Amino acid sequence: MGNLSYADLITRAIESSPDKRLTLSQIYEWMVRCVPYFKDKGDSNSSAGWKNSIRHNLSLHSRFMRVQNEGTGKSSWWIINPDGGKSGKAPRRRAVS
DNA sequence: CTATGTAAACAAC
DNA sequence: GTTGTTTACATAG
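Under the entry's author numbering, the first residue of the first sequence carries the number 157, and numbering increases by one thereafter.
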């Protein structure tokens with residue numbers, strides 16, 4: 157990573173799409189195909205944990221929310237939320253076990 | 001303390 | 001296995 161974060165990158169892939177929504181697979185594709193850094197799924201396929209990491213960021217903060225299709229199958233798109241308003245602390249971890 | 005990055009133990013598939 | 005969460009620890013600043 158030259159300058160940016162996983163958090164940001166994801167929010168970025170999801171930013172420039174024909175229509176706003178992406179999917180892990182699709183997100184994963186962005187990563188592997190853009191910015192020399194990731195190489196995993198490209199022509200060949202899969203290196204370790206970044207796979208697991210991206211899932212973390214997405215599910216964790218406040219810019220990403222998930223949307224499925226009510227129907228029989230798997231349309232889970234990752235979109236962005238709350239832009240007009242800003243404020244809202246995110247329980248920044250450690251109370252405890 | 002805070003944000004980032006990881007590694008991994010898991011509820012549903 | 002895949003997707004989604006959520007503990008937990010590691011730093012760097």
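By construction, the Cβ of each residue, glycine as well, lies at the ideal position given by its N, Cα and C atoms.
Check: Along the chain, where does the beta strand (DSSP E) containing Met-221 start, and where does it finish?; Outcome: 220-223
Check: Based on Cα-Cα distance, which residue from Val-252, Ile-166, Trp-233 lies nearest to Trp-206?; Outcome: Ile-166
Check: Going by alpha carbons, who is nearest to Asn-159 out of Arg-177, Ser-181, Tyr-193, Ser-173?; Outcome: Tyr-193
Check: Look at the alpha carbon of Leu-216 and the alpha carbon of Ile-210, and state the distance between them as a whole number of angstroms.; Outcome: 10 Å
Check: Closest by CA to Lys-176, which one among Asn-237, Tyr-162, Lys-242, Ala-163?; Outcome: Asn-237
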